[PDB]
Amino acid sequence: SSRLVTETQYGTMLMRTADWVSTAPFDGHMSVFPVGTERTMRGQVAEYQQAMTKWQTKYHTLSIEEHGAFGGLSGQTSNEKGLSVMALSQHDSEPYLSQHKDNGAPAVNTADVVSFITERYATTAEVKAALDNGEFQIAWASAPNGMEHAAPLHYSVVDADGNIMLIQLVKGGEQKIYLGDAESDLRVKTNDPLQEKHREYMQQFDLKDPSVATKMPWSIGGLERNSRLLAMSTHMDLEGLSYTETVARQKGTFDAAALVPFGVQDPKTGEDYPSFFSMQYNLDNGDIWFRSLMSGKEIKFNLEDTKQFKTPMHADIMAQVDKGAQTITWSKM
């Protein structure tokens, strides 16, 4: 999976792919949580003293869930205030998960924490404050709902003003938070290795050179996708473009850097890692594009289109898009 934030004159744009091995194909769904919903956490957090068993939705939230391999875990969310939260795989955190220390805050199962954040908070700084004040914690050491083992993930929050927070579990089980804006290197997030190692790798490349991407090794790995996203986003020029053209330019640039095709094997894993679906957001205006790489089809919609709903709703959005749907058919949850 790869994620790119790009400041544009029409809004803060975010693009993200969901990638996995071909032997456990992804299946993207979406849920709508309206303001006032009484929410019950999925799963357990038995490793933690206190659980975020129940909460109320404060901000209208659309949550993209992965049903094919992650049991319905919420991996990409947005809310009516333009906050976006996301979880991406971070395999280098796996040995450290059981070392996360319970800080006594109510722990949120990793199936729900991404959505929880958007449901409760409006800005990146708010989320940082809530973490620091102990209003919640990520249940790092607990299996996601319905799964056997704690998942190696990393998290980030991007707000409508381009403030970014990266949350990563590092050696010894420590939680490292990185902050930056949408012009910083935190605009790009992929998978392993950990962010320090990406930064180390990147020192060899002069991003000012417009030919720099041609000097970078290619692979399907997180390392190479991070480097190439940073290179190609640095020389993206959005001046003079219409909104459609700006959206497309981010899409095409992102795809060249980061779309993973089927069939290529990573020698570091002995497995493939194709992209299954992707989302693009304008955090300033509610625009969303969901694209399935299984069908090559995409639909555009807007979060505001879902405020009509007074109780939670659900759609098998990837399936629908794959059958050629042009509009989402919502079901009561």
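The numbering used is simple: start at 1 and walk along the sequence shown.
- Mean CA temperature factor is higher for 201-209 when stretches 82-90 and 201-209 are set side by side in the entry.
- 5-13 and 318-326 differ in mean CA B-factor, and the higher of the two is recorded for 318-326.
- The residue among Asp159, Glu245, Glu148, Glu119 whose C-alpha carries the highest B-factor in the deposited model is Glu148.
- Across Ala256, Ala105, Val260, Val188, the entry's maximum B-factor at the CA atom is seen for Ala105.
- Among all modelled residues in this chain, the alpha-carbon of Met279 has a temperature factor (C-alpha) in the lowest third.
- In the PDB entry, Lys54 places in the highest third of its chain by CA B-factor.
- Among the modelled residues of the chain, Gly270 sits in the highest third by CA temperature factor in this PDB entry.
- Among all modelled residues in its chain, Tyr96 ranks in the highest third by Cα B-factor.
- Placement of the Cα temperature factor of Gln44 within the chain: highest third of the modelled residues, per the deposited record.
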